[PDB]
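Just so it is clear, none of the values below were taken in a lab; they were calculated from the coordinates. Note that we place each Cβ from the backbone using ideal geometry, even for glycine, and neighbour counts take in every protein chain shown.
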Amino acid sequence: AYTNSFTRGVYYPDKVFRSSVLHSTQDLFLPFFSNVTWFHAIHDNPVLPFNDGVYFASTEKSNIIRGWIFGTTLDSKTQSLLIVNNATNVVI
Amino acid sequence: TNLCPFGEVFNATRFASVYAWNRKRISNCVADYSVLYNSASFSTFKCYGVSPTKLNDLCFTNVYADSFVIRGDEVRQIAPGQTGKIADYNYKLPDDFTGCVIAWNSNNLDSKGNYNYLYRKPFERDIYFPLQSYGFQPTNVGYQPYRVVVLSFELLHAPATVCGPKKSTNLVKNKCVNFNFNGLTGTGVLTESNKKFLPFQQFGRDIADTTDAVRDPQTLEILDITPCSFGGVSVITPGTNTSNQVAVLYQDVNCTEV
Amino acid sequence: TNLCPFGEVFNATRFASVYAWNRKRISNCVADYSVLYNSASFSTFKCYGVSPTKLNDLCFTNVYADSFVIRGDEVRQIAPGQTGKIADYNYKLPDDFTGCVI
Amino acid sequence: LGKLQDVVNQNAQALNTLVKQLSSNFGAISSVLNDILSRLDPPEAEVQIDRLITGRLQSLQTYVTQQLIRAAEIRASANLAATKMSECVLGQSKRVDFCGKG
Amino acid sequence: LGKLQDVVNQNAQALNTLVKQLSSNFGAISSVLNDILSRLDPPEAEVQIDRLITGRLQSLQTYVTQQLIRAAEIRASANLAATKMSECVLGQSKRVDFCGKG
Amino acid sequence: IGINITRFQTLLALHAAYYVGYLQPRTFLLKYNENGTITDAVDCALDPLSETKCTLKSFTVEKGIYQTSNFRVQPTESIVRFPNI
Ligand SMILES: *[C@@H]1O[C@H](CO)[C@@H](O[C@@H]2O[C@H](CO)[C@@H](O)[C@H](O)[C@H]2NC(C)=O)[C@H](O)[C@H]1NC(C)=O
Ligand SMILES: *[C@@H]1O[C@H](CO)[C@@H](O)[C@H](O)[C@H]1NC(C)=O
Ligand SMILES: *[C@@H]1O[C@H](CO)[C@@H](O)[C@H](O)[C@H]1NC(C)=O
Ligand SMILES: *[C@@H]1O[C@H](CO)[C@@H](O)[C@H](O)[C@H]1NC(C)=O
Ligand SMILES: *[C@@H]1O[C@H](CO)[C@@H](O)[C@H](O)[C@H]1NC(C)=O
Ligand SMILES: *[C@@H]1O[C@H](CO)[C@@H](O)[C@H](O)[C@H]1NC(C)=O
Ligand SMILES: *[C@@H]1O[C@H](CO)[C@@H](O)[C@H](O)[C@H]1NC(C)=O
Ligand SMILES: *[C@@H]1O[C@H](CO)[C@@H](O)[C@H](O)[C@H]1NC(C)=O
Ligand SMILES: *[C@@H]1O[C@H](CO)[C@@H](O)[C@H](O)[C@H]1NC(C)=O
């Protein structure tokens, strides 16, 4: 499936306060109005490519989306990132 | 107040083979760069983005200690703008490297021969075969093994975690003062402020890329840094061919400063 | 017409302890720096605001010969802009030093 | 108000550009001058600072040159204005389309 | 037509000068940029290319500054022409020797 | 943590939808408000208006004509010509 990202995935590029200012930057951003690969859990969650990194909106009412895995080959012949968000904590 | 692990790093049992050099991140501690620089141990202490003298006054988000053994002839390669197959396949300092390179003879430690010392972009690691090794023996002088540490220093906008043994004063407000916050050196009128930093932010800025605000690193209040009072001095005079009496306009400042 | 006392410098019986290096003023004399520069006796002759070729054409209100012994590894320190414990404590050169190190 | 407002905009843009140019590193290791001075001893710092001086001074010479040429424009407009004051306020201008159409 | 032909000649001469400054080394080992980039890796080439940037940029600032001052001279000539257009085409001028002798 | 990434995969409990997108190197303009909070942005490469917004460093762009860039026809392929000795 597909949808449109619109204006989403913008983040604070640096830990520097600035205010009332039209500042400009270059960074890895989700491009405006880019295409969004809207997965579903119907009656599956495949391995995705990471590319230049990711945006991951994930509307919820169940709190069943609870973690992520990242890396090269995700198969013990590499170290690989795991994230869990179990009830209260973030655990990495 | 934790002391940093340089006593481990510079004494660690095996420095790695330069094809696969060690990297220890250092954080959350105080560093006596003076004791390292003054140490009799080091055959070289070449520094690039900073002078080894200046280090104690300045501090860093992190420091990375890249630890390995080289043949003593190789020390050339461990610099910006220097070349070689080791310094291509399995090492490279970037050509704008911010840090120091510390090296010394290890023939007493690392010779045996010691054929473990295998060799082959900036801080790249790689694992026909492009591979070679030394075989260090106590009989080896620049053909001997040498230990090197490269300290690469991190200057991101996060709060510092590795700092020199600098001692904090109390804070002072509403008065023109010299200051240093985590290595941000300057001079100005520190005042507490209503500029609401978001919880992750650690400096505040304006058009010039000047630090218009800071958050104090021990008590997390937000300070403006307004300039010390300044302005042109103009001397009002009649002709010297009339009188030697003069009046002085201190431009824009308030008589309270003068 | 006096020839300068470079023998009392370069052929002194002992040179000074570098913590307390000797300074000899030279004045009122004729100096063929080529006699020095052409001598194979010198492992380095590096100069920092003059070329050792040019010296015979140019002349000086005084010359100070500073003379001392060092460990052979140290020779790097004895230049403008250098660092090291001697260059910190007891032999800092001016960072615009005009002269020659031999 | 496009004329006067553009003159204000131009001057503010010239100042804002001159101000931004303090942040431009001109090939020095950093554009925060106190950072260079708190990183480096003078043997090294003087090259970095001299690149910043050369850049900032060239940027300042640029700004002042722009302001001299603009001040010549403004002065030509001020002499024009003073002439409309002299000929049209203090007087009546016989000169077609000098003081308004008609 | 010596006036107009000189404005054209000045602009063309300034452009031919601006172009000819691309033939100038400014102390870089060639003035054709791809020579440096084909001969040299970046750590070396940055040194050489900084001189071409600096020289070309100084030439460009020079050209633009000559053009700004020339543009003010042309603008003064345009304002003068606009004034003869207004006073003498759209009008008759009483200003003695403003619109031709007589 | 230094690790190289080319793949990723979410965890869900066996008992939903997720809207993956991808980042790109992009130039941007950002509107920080009075509370130092980003309220708006422009992706400069999106369209010729967004290149104009970035060229003026402004969110409004007024009625006009603005040089955003220089268009250059790209090299199709690389050609090599050495004497055939
Ligand atoms: C991350 O690790 C992978 C290996 O798991 C690297 O993949 C290779 O990438 C190069 C091009 O960069 C290809 O020529 C190889 O065919 C790839 N090998 C495999 C097994 O996929 C990848 O280069 C690494 N990425 C980074 C940015 O370090
Ligand atoms: C992009 O997504 C839209 C729906 O948002 C879809 O109609 C279109 O086919 C997609 N195109 C590509 C190349 O993904
Ligand atoms: C979450 O998981 C960690 C171990 O992964 C565990 O220590 C912790 O008690 C768990 N529960 C919560 C509520 O964090
Ligand atoms: C190495 O360890 C010794 C004690 O074994 C210690 O005195 C020394 O300070 C350590 N090296 C460094 C650089 O701290
Ligand atoms: C620093 O120490 C003081 C007490 O000396 C304490 O009040 C404060 O919370 C501490 N701040 C941090 C950042 O740990
Ligand atoms: C300057 O002073 C002299 C006497 O010292 C006097 O004769 C002369 O008139 C004065 N001129 C002016 C311009 O003040
Ligand atoms: C000068 O300083 C006093 C406070 O010391 C203040 O009340 C006054 O308004 C100031 N005047 C100006 C011109 O800023
Ligand atoms: C030093 O003495 C040697 C012979 O012992 C002589 O060759 C040399 O020229 C002398 N140098 C000077 C400067 O007199
Ligand atoms: C700024 O933040 C405060 C709460 O901190 C809020 O009440 C106020 O409306 C905000 N103003 C703007 C312009 O966002």
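Overview of results
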item: Helix axis angle, D:42-84 relative to chain D longest principal axis, alpha carbon, degrees; result: 0
item: Distance from region B:53-76 to region A:8-28 (C-alpha centre basis), Å; result: 32
item: Two-site label geometry, D:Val64 and F:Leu56: point separation in nm, points 7 Å out along Cα→Cβ; result: 3.4
item: Whole-Å semi-axes of chain A's equivalent ellipsoid (Cα gyration tensor); result: 27, 19, 16
item: Overall dimensions of chain E by Cα: Rg and Dmax, Å; result: 22.4, 71
item: Three-way shape label, region B:161-258, alpha-carbon gyration tensor, a/c 1.5; result: prolate
item: Whole-number D in µm²/s for region C:1-68 (Stokes-Einstein; Kirkwood sum over Cα pairs; 4 °C, 1.567 mPa s); result: 97
item: Modelled FRET efficiency - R0 45 Å, B:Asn170 with D:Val8, Cβ distances, 0.05 increments; result: 0.50
item: Fewest-first sequence of B:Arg25, C:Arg71, F:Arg81 by Cβ atoms within 10 Å of each Cβ; result: F:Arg81, C:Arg71, B:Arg25
item: For chain B, calculated [θ]222 nm from helices alone, where every DSSP H run of n ≥ 4 adds -39500 (n - 2.57); result: -1000 deg cm²/dmol
item: Exam field: E:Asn9 pseudo-label spacings to other copies (7 Å along Cα-Cβ), nanometres; result: 4.0
item: CD proxy at 222 nm, helix term only [per DSSP H run n ≥ 4: -39500 (n - 2.57); per residue of chain D; nearest 500]; result: -23500 deg cm²/dmol
item: Taking the C-alpha atoms of region B:1-144, convex hull volume expressed per residue in Å³; result: 121
item: Residue with peak Gaussian network fluctuation, chain E [Cα springs, cutoff 10 Å], from E:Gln58, E:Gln67, E:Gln92; result: E:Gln92
item: Whether the protein assembly as shown is rounded, prolate or oblate, judged on the alpha carbon gyration tensor where a/c under 1.5 counts as rounded; result: oblate
item: Inter-part distance where region D:1-28 and region C:1-15 are each reduced to a Cα centre, Å; result: 64
item: Whole-Å distance, taken between Cα centres, linking region B:152-184 and region F:50-75; result: 41
item: Inter-label distance, nm, simple model (7 Å from Cα along the C-beta direction), B:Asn254/D:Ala71; result: 3.2
item: Set of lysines near E:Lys3 by C-alpha distance (under 19 Å), chain-local residues within fewer than 8 positions excluded; result: E:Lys84, E:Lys101
item: Rg/Rh (Cα only; Kirkwood hydrodynamic radius) as it applies to chain F; result: 1.20
item: FRET efficiency, B:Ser27 to D:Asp50 (Cβ-Cβ, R0 41 Å, nearest 0.05); result: 0.70
item: Simple label model, 7 Å out from Cα along Cβ direction - B:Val141 to A:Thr3, nm; result: 7.1
item: Options E:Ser23, E:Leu57, E:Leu68, ranked by Cα towards positive dipole end of chain E, top entry (Cβ charges); result: E:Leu68
item: Cβ-based exposure ranking for A:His43, F:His15, A:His23, B:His157, in which fewest neighbours within 10 Å come first; result: A:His43, F:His15, B:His157, A:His23
item: Cα coordinate range in chain B, projected on the principal axes (Å, largest first); result: 91, 51, 37
item: Efficiency of FRET between B:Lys85 and E:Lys20 - r from beta-carbon atoms, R0 45 angstrom, step 0.05; result: 0.50
